[PDB]
Each structure stands twice: as structure tokens, then as C-alpha cells.
Amino acid sequence: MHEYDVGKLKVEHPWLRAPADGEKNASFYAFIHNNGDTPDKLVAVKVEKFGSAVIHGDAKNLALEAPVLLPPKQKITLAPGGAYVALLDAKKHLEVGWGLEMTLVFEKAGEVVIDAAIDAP
Amino acid sequence: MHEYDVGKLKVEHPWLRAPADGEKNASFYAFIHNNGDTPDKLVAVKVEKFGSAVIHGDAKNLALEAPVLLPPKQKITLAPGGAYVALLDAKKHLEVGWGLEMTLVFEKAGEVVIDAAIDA
Ligand SMILES: [Cu+2]
Ligand SMILES: [Cu+2]
């Protein structure tokens, strides 16, 4: 539904803000809960409808490409103004009612396919 | 993840960014889906651990105090940088892992008690 389980991780309410007018980039957001006793990392994102996905997981330096670190028994927020995944080069114009299929790749927990909900206004 | 149904509305993953202590104000966020054919509005928020809550529901002017309008068959995101609820005058330091109990007040659908997760 709006939450996806992989290993002892939970990806909750994945969503993205659609490209603004004249822009071709989108931003992907989610809440990732690590309910396990070992750390993990979001290391890659695969998406067919965009050219590529770049993880910006260091909130203190968002210009840098960096994985999202997922300490044990902690949750991490990807949200506007903080850590997020940049979705570059949309193949088509995004409409809200559409969802966006993505694959999140975690170093330890492996891959999980999600359907991200779209914010366009 | 916490999800709440009231009428044809769904409130998903309510959360807040804890006060940048020493400051005593927090910001409340949520995803609100109106899956019905009638409009509603988020008009008030009640929270016992804060002095008051002020809704800034107009994305075009975030300074304005205004309800969150919830048109039919649409969803609204309250998120950092956009529409949100300001939680003013924390009475005490928040305990992060426990969440924050709040009451959302909708014009038509009425009240809903939620447990908001805390981003620290
Ligand atoms: Cu969460
Ligand atoms: Cu939602």
C-alpha cells in the first residue's frame, strides 16, 4: 500500500514532488525506519520513467551525492529541505493520479519495488 | 505507519519536526487524502503539550493563518517549505520515541485523535 517492508526496514509513505514548470527534475521523499539491530544504507534507486536517480543522503551537504545511512533502531526522514533522492530527466510530464514505480536498493536488505505517490500542484 | 480514517478523509503518517531547542516551537506535517465527493477543511489542531496550534494552510502565502482546504478527490501534503501547522509554546521537552498526541478538527468530518511521530 503506502508502506513497504524489506528485511527489518520499513519504507513509509514514499512520495515525490513532480517537476515544476519548465523543469525536468523531481525530488523523492520517504520515511525509512530501521527496526533491526544492524545498520543499513540506501545506496541506489532505479526508476524507468526518469533518466537517472541520485541520492543526496547527507543533510548537512545536499549538493553531494551520498547514500542514506540507516542506523539500527532509528528512523530517517527524506523531506523537502533535507536528505532526498533527485530524479533527473523525466521521460514524460507527470500527472498526480499516476504513481511512480521505483526500486530502492539497500546494501544489506536488498531491493524493494515501491509505488511512489505524486505531488504536482 | 499510522493512518486515520474519518468520513471519506484519510490522514497518513502525521509527523512533526521537534523544536530546535532552545526554541519552543515545532512544525506539524501530514498527508491528507479527501477520497470523497464533498469538500472539507482542517480548521483547528488541539495539542495538550503545546500552548497553541496555528494552521498555515495556504501554500501561496505561508505567513497567512488559514485553514487547509481539502477539495474532493484530491490529496494535500503538509511538508517542510509548504503548508503546515505551527505548534507554539511547548510546555516541556518532548520525548522523541513516544510520539505526540494531537486532535485534528475538520469542519465537516469533525475531530480525529492522532499520534504524531517526532523528527529529532
Ligand atoms: Cu515514519
Ligand atoms: Cu498520502
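Side chains are part of it too, since the values below use all heavy atoms of this structure and drop only hydrogens, waters and symmetry mates. Letters go in sequence order (proteins before strands), and every chain restarts at 1.
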Should [X] and [Y] count as side-chain neighbours, where that means a heavy-atom distance under 4.5 Å?
| X | Y | value |
| --- | --- | --- |
| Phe50(B) | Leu100(B) | yes |
| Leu88(A) | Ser52(A) | yes |
| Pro71(B) | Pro39(B) | no |
| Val96(A) | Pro121(A) | yes |
| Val11(A) | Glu3(A) | no |

For the pair [X] (side chain) and [Y] (backbone), establish whether a donor and an acceptor sit closer than 3.5 Å, ignoring hydrogens and angles.
| X | Y | value |
| --- | --- | --- |
| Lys46(A) | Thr103(A) | no |
| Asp40(A) | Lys108(A) | yes |
| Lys73(A) | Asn35(A) | yes |
| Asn34(B) | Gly36(B) | yes |
| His56(A) | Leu64(A) | yes |

Got a second to check how far [X]'s [atom1] is from [Y]'s [atom2], nearest 0.5 Å?
| X | Y | atom1 | atom2 | answer |
| --- | --- | --- | --- | --- |
| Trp15(B) | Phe31(B) | CH2 | CZ | 7.5 Å |
| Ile32(B) | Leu104(B) | CD1 | CG | 6.5 Å |
| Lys10(A) | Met1(B) | NZ | CE | 11.5 Å |
| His2(A) | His13(B) | NE2 | NE2 | 12.5 Å |
| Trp98(B) | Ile118(B) | CH2 | CD1 | 11.5 Å |
| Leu94(A) | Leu87(A) | CG | CG | 9.0 Å |

Looking at [X] and [Y], what are the two nearest heavy atoms and their distance?
| X | Y | answer |
| --- | --- | --- |
| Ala26(A) | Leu16(A) | CB-CD1, 4.1 Å |
| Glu101(B) | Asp115(B) | N-OD1, 4.0 Å |
| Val47(A) | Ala53(A) | CG1-CB, 4.3 Å |
| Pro14(A) | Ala30(A) | CA-CB, 3.9 Å |

**Prompt:** According to the interplanar angle, ranging from 0 to 90°, do the rings of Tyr84(B) and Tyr29(B) count as parallel (below 30°), tilted (30 to 60°) or perpendicular (above 60°)?
**Reply:** tilted
**Prompt:** Is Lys24(A) paired with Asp89(A) through a side-chain N to carboxylate O contact shorter than 4.0 Å?
**Reply:** no
**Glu107(B) and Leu42(B): CA distance, side-chain angles, deciding distance, side chain to side chain contact (heavy atoms under 4.5 Å, CB included) verdict** = CA-CA 6 Å; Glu107(B) 182 89 329; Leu42(B) 178 66; over 6 Å; no
**Request:** Among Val105(A), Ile55(A), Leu69(A), find the one that has a side-chain contact (heavy atoms from CB on, under 4.5 Å) with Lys41(A).
**Result:** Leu69(A)
**Request:** Please answer: with hydrophobic residues joined when any side-chain heavy atoms are less than 4.5 Å apart, are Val54(A) and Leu78(A) in the same cluster?
**Result:** no
**Request:** Decide whether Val6(A) and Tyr4(A) are clustered together by the hydrophobic rule: side chain heavy atoms of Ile, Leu, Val, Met, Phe, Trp, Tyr closer than 4.5 Å, transitively.
**Result:** yes
**Message:** Walk me through whether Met102(B) and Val45(B) qualify under side chain to side chain contact (heavy atoms under 4.5 Å, CB included).
**Reply:** CA-CA 7 Å; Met102(B) 310 169 59; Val45(B) 173; 3.4 Å; yes
**Message:** Using a 6.0 Å cut-off, check whether atom NZ of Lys91(A) has over 12 heavy atoms from anything other than its own residue.
**Reply:** yes
**Asked** What's the verdict on side chain to side chain contact (heavy atoms under 4.5 Å, CB included) for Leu70(A) and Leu9(A), showing C-alpha distance, side-chain angles and the deciding distance?
**Response** CA-CA 9 Å; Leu70(A) 302 167; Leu9(A) 311 181; 4.3 Å; yes
**Message:** Before you tell me yes or no, could you show the steps for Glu95(A) and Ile118(A) under side chain to side chain contact (heavy atoms under 4.5 Å, CB included), namely the whole-Å CA-CA distance, both residues' side-chain angles and the distance that decides it to 0.1 Å?
**Reply:** CA-CA 7 Å; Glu95(A) 282 181 307; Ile118(A) 300 172; over 6 Å; no
